[PDB]
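Read through the structure below, which is laid out as structure tokens, and then see the notes.
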Amino acid sequence: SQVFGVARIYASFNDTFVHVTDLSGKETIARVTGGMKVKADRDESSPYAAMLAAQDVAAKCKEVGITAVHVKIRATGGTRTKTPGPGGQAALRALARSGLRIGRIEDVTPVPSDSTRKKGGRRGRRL
Amino acid sequence: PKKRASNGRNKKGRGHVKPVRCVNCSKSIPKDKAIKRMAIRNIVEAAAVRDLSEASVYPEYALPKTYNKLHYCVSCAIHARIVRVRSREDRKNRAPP
Amino acid sequence: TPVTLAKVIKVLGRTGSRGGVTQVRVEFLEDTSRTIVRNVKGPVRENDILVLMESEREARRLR
Amino acid sequence: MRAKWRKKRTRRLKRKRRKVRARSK
Amino acid sequence: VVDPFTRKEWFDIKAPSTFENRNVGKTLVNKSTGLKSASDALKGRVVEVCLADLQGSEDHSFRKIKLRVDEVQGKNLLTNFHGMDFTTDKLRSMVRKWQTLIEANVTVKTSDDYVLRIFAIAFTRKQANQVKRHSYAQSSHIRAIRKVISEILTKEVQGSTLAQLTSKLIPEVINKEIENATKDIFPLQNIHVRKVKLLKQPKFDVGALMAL
RNA sequence: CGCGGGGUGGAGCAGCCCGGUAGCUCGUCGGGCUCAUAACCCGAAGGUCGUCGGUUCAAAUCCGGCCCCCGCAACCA
RNA sequence: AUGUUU
RNA sequence: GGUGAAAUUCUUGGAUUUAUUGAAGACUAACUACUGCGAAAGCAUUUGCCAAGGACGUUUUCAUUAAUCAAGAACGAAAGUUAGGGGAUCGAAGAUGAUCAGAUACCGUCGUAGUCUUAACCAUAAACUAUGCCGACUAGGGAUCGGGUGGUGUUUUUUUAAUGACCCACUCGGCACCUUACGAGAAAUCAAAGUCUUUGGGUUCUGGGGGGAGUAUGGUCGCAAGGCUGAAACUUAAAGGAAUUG
RNA sequence: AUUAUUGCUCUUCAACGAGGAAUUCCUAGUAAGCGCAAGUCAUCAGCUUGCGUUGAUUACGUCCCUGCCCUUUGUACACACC
Ligand SMILES: [K+]
Ligand SMILES: [Mg+2]
Ligand SMILES: [Mg+2]
Ligand SMILES: [Mg+2]
Ligand SMILES: [Mg+2]
Ligand SMILES: [Mg+2]
Ligand SMILES: [Mg+2]
Ligand SMILES: [Mg+2]
Ligand SMILES: [Mg+2]
Ligand SMILES: [Mg+2]
Ligand SMILES: [Mg+2]
Ligand SMILES: [Mg+2]
Ligand SMILES: [Mg+2]
Ligand SMILES: [Mg+2]
Ligand SMILES: [Zn+2]
């Protein structure tokens, strides 16, 4: 009764990407970022920016013709954070509320088996 | 003098424990010394469980939970208030609050 | 526009970042055997009647 | 002075002494 | 000024031959052209599907499946099984402190030509009357149990194709077999087949591939 | 000598490719928060588009010359 | 974010 | 992209982001604990091989064969050195961006040596439990690890019984832990830092106010960096330890 | 009495179309509007001190903002962070 895409929320610190693609993932649809919807150089990760980007992506999705999305959310992962950014929740807010249907919330944050010795040195960032 | 009865870590009979990196500042930490907190916060609460369940195409969806073990150096743990400076007698209290 | 009226029966406590809202135990008039936790900004005491548009949204603590 | 940096400065001084004594024969 | 979605066509993926349902969804791609055929741009696309969506029952919410398109028959993407892995949420809900995790792995070739790497997972459990609050193994029980799991896994595979392997993993009969074969060594509650991965593909062999 | 590019507030740029009409980043000035600067918020000053002619319902924008800077290419008084 | 000495 | 904010920088040669693969090196998450082994440094993916190890059990054997140990030897984190290989990430140096009054730092980006391995050095750490080893005794208690003993035990079945896991009772050895301390200490605290002016179980090492100084010199080891041994002149009334009040 | 002390009369009638970031006071006869008495005085109120008249709104709480108090904590400070 519906047609399935993939939400591909990439909510890092300093930015949140909303990337809705086909079920395969090779073909992209309306890849929108928070920096596209705010120009301050510090609010790209803000919940308002993420919400506006997700609303635009949902409008473009409902103009292409995709109705429901399996949601794959991730942080930077790798070696840096492992923690989803503040804007992912707002982006999913907008995706759910803009008429798109939501399915299979999933965390695809990349987690290593103690690889890629972390950036910052053994004494870390000294602020 | 000696501030803590054993040490500011948990190591008796080992000598060396392989190190870990602070999640917040990336400082190298002994694994037993690092403040370890398991975050089992749900993937999407966002005051939005109702919205997500309504937009869900899955009945009784039972949205999943994200697990993440955070390791802090004591400086970052104090600064972000995972741990707090306790009284001299209250330091001898290992039960969680 | 869905309509439903209820009444506060147990005042829970003061809540809010600035401490403006009050948590209230909401007893419905229709199908009364249900108590709902909700948030109200204005002054409230017991046996006061409230109007809520949404029917199922449990207001949790405001942090 | 940190004792570490005092030791490092002393080591540099000792290296200079070794160089000058190597020159002087 | 271009709107690349105006020249794209949709395809319905009739992915499984055996799970419960042929149809899993739709996918869009640019129209075939002179030096770039639509079937040529396809045949490599893989879809990521939920086993609960495949079987109709929510008791398969984890064990997501990869399926790669192998041929196009009139806007119908015929795939074949490509791999299964647990979700991160499920994996982190199974892994807990105050218990011993045991992971085992094999590399085995199925009956006809199919090469798979299999990852089995399990965790220790507490007894009904146990007072001790960790219930750890003695690591010799762990070595023996993982030997047994590898033996059972290599005995189940190499006599089954992907089709029969799916017909055994979906009812999780292998998990119960591991539980029954290791219940005399350690209780080992949380038996699962955490992952199956494709390593090498054989000749296309459409004759056996078209089983539906 | 030929073909192309460039000149826009005090400095750097979009605007031009088919007129609603000069702005953006930094510095400069004023007020605001702070115990005080910085970051920041709100205001204020700034050229009239390199210089001329021409075309144009009203041209920096398109056209034809000149001054400057640039790349390539050619040289029988 | 920074605010030097007596 | 990155930051508190920026900027260096990549970017209509399609950068960031998505998907399918491959190559490289490093590492072994989550399980991971007041838990284990090792003489220490250290040791955490599977399997095989290779030898070794402590505890336990013993109505087995030897019978003083033992304890600590100058000189003397083996190993010895990281960093560094030599010659090959490898070089992903991080990253002393170096180069750049911003703040600063200056910022040759903290913060951001790139990035050499190094980070990995083989064969040789190096022999140094807050190499710490800042607590030598062996032996005996002096409170109580509960967990935990490995082993052994018993149960009208619970659970697992194969078919009596039995190992497996579990509970209880111990017992030996171990990492520790909590209370109380006769006792000790200046106190913090300590089951050893107790059995010390009522001072002797055995034995090795180190120290004699703070600087100069772990320096100079001599010797010795090292390719080097340096390691070991190691003063004196001179100078000073305090330095220092614990705890208390502001 | 000029650099009008002040009072009064006539006469061109200027900005201001409700206010920017910010910022001050305040919980019931209170804020606000209003004038009166006194003080400063030979004279001069927009000032201040007291007063009365008209007299609301919202709240009956909180530690997010600021400041302060207490407790804990660190100190190599004790003339005590000048
Ligand atoms: K390198
Ligand atoms: Mg700091
Ligand atoms: Mg201290
Ligand atoms: Mg050590
Ligand atoms: Mg002074
Ligand atoms: Mg263990
Ligand atoms: Mg592992
Ligand atoms: Mg010796
Ligand atoms: Mg080394
Ligand atoms: Mg600084
Ligand atoms: Mg030493
Ligand atoms: Mg002395
Ligand atoms: Mg002291
Ligand atoms: Mg006055
Ligand atoms: Zn940290």
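Atom set for the values below is all heavy atoms of this structure, side chains included, hydrogens, waters and symmetry mates excluded. In what follows, chains carry the letters A, B, and so on, assigned in the order in which the sequence lines appear, proteins first and then strands, with residues in each chain numbered from 1.
Nearest to the side chain of D/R21, among H/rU17, H/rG218, H/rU189, sits H/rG218. Listed nucleotides: H/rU144, H/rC34, H/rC167. Nearest to the side chain of E/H134: H/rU144. The E/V131 side chain lies nearest to H/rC168 when the options are H/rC168, H/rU215, H/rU32. Candidate nucleotides H/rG108, H/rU144, H/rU89 were compared by shortest atom distance to the side chain of A/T116, and H/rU89 ranks first. Of the candidates H/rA225, H/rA29, H/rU18, H/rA29 carries the atom nearest the A/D114 side chain, counting heavy atoms from C-beta on. If you check H/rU154, I/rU73, H/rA30 against the side chain of B/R91, the one that comes closest is I/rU73. Comparing atom distances between the B/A5 side chain and each of H/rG146, H/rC190, H/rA165 picks out H/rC190 as nearest. Checked against I/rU73, H/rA130, I/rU62, the side chain of B/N7 finds its nearest nucleotide in H/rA130. Picking from H/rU47, H/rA188, H/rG91 the nucleotide with the shortest atom distance to the side chain of B/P1 gives H/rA188. When each of H/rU32, H/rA216, H/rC177 is scored by its nearest atom to the side-chain atoms of D/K14, the top-ranked nucleotide is H/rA216.
Pucker assignment for H/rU158 gives south. The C1'-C2'-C3'-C4' angle has a negative sign. For F/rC70, the sign convention on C1'-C2'-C3'-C4' gives a north pucker, since the angle is positive. Here H/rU229 counts as north. Its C1'-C2'-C3'-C4' torsion is positive. A negative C1'-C2'-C3'-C4' torsion places the sugar of I/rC79 in the south, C2'-endo-side range.
We find that E/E71 and E/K43 are not joined by a salt bridge, their nearest charged nitrogen and carboxylate oxygen being 4.0 Å or further apart. Salt-bridge check for E/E48 with E/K66: failed, with every basic side-chain N at 4.0 Å or more from each acidic carboxylate O.
Across all strands shown, A/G124 has heavy atoms under 4.0 Å from sugar-phosphate atoms exclusively, and none from any base. Across all strands, A/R80 comes closer than 4.0 Å only to sugar-phosphate atoms, never to a base (heavy-atom distances). A/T79 comes within 4.0 angstrom of nothing in the nucleic acid, heavy atoms only. Among the protein residues, B/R9 comes within range of no part of the nucleic acid, since none of its heavy atoms lies under 4.0 Å from any strand. Looking at heavy-atom distances under 4.0 Å, A/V111 makes contact with a base. Across all strands shown, A/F17 has heavy atoms under 4.0 Å from base atoms, whether or not it also approaches the sugar-phosphate. Looking at heavy-atom distances under 4.0 Å, B/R84 makes no contact with the nucleic acid at all. Counting any heavy atom pair closer than 4.0 Å across all strands shown, E/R96 reaches sugar-phosphate atoms only and no base atom. As judged by a 4.0 angstrom heavy-atom cut-off over every strand, A/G120 is placed among residues touching the sugar-phosphate backbone only. At a threshold of 4.0 angstrom between heavy atoms, the contacts of E/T100 are confined to the sugar-phosphate backbone, with no base atom among them.
For E/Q138, no side-chain nitrogen or oxygen approaches OP1 or OP2 of H/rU35 to under 4.0 Å. Distances shorter than 4.0 Å separate some side-chain N or O of B/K18 from OP1 or OP2 on H/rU28. Between B/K92 and H/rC178, a side-chain N or O to OP1/OP2 separation shorter than 4.0 Å is absent.
E/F86 and E/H192 have perpendicular rings, their planes meeting at more than 60° on a 0 to 90° scale where under 30° would count as parallel.
Rounded to whole Å, the separation between the P atoms of H/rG72 and H/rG36 comes to 39 Å. The separation of H/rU154 from H/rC134, taken at their P atoms, amounts to 46 Å, rounded to a whole angstrom. Comparing the same atom, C1', in I/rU11 and in I/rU30 gives a spacing of 47 Å after rounding to whole Å. Between the P atoms of H/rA188 and H/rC182, the separation comes to 14 Å (whole Å). Separating the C1' atom of I/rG33 from that of I/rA56 is a span of 11 Å, rounded to the nearest Å. Taking the P atoms as reference points, H/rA181 lies 15 Å from H/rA187, given to the whole Å. H/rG146 and H/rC37 are spaced 11 Å apart, taking the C1' atom of each and rounding to whole Å. Spacing of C1' atoms, I/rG55 relative to I/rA32, comes out at 8 Å, to the nearest Å.
For H/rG4, its base never sits under 3.5 Å from the side chain of A/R42 at any donor and acceptor pair. At a cut-off of 3.5 angstrom, counting only N and O atoms as typed in the model, there is no donor on one side facing an acceptor on the other between the side-chain of A/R125 and the base of H/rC107. The base of H/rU154 lies close enough to the side chain of E/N129 for a donor and an acceptor atom to sit less than 3.5 Å apart. On a pure distance criterion of 3.5 Å, a polar donor-acceptor pair joins the side chain of B/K2 and the base of H/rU131. For A/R117 against H/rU89, a side-chain-to-base donor-acceptor contact under 3.5 Å is absent. A donor-acceptor contact under 3.5 Å links the side chain of A/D41 to the base of H/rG2.
Across all their heavy atoms, A/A58 and A/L95 have their closest contact at CB-CD2, 4.0 Å.
A distance below 6.0 Å separates the ring centres of E/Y136 and E/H134.
Between A/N14 atom CG and H/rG1 atom P there is a gap of 7 Å when expressed in whole angstrom units. Whole-Å rounding puts the E/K197 NZ to H/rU21 P distance at 9 Å. If you take NE2 of B/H16 and P of H/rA127, they are 11 Å apart, rounded to a whole angstrom. Here the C1' atom of nucleotide H/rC27 and the NZ atom of B/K31 are 16 Å apart, to the nearest Å. Atom NZ of B/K3 is separated from atom P of H/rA187 by 23 Å (rounded to the nearest Å). Atoms CZ (D/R18) and P (H/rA225) sit 4 Å apart, rounded to a whole Å. When rounded to the nearest whole Å, the span between CG of E/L91 and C1' of H/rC31 equals 11 Å. The nearest whole Å value for the distance from the CD atom in A/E44 to the P atom in H/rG2 is 10 Å.
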Exercise for the section: Evaluate the side-chain hydrogen bond (donor to acceptor under 3.5 Å, both in side chains) criterion for residues E/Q130 and E/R125: first the C-alpha distance (whole Å), next the side-chain angles of each, then the deciding distance (0.1 Å), finally the verdict. Expected result: CA-CA 10 Å; E/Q130 198 204 348; E/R125 72 180 177 102; over 6 Å; no
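Relative to the ring axis of E/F62, E/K90 places its NZ or CZ within 45° and under 6.0 Å from the centre.
Side chains of E/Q189 and E/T124: a donor-acceptor N/O pair is absent below 3.5 angstrom, by distance only.
Of the residues near RNA chain H, B/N10 and A/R126, the one whose nearest nucleotide (by heavy atom distance) lies more toward the 5' end is B/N10. Residues B/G13 and A/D15 each lie close to RNA chain H; by heavy-atom proximity, the contact nearer the 5' end of the strand is made by A/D15.
For B/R41, the CZ atom is loosely surrounded, since the number of other residues' heavy atoms within 6.0 Å does not exceed 12.
The side chain to side chain donor-acceptor pair (under 3.5 Å) test with C/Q23 is passed by exactly one of C/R14, C/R61, C/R60, C/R38: C/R61.
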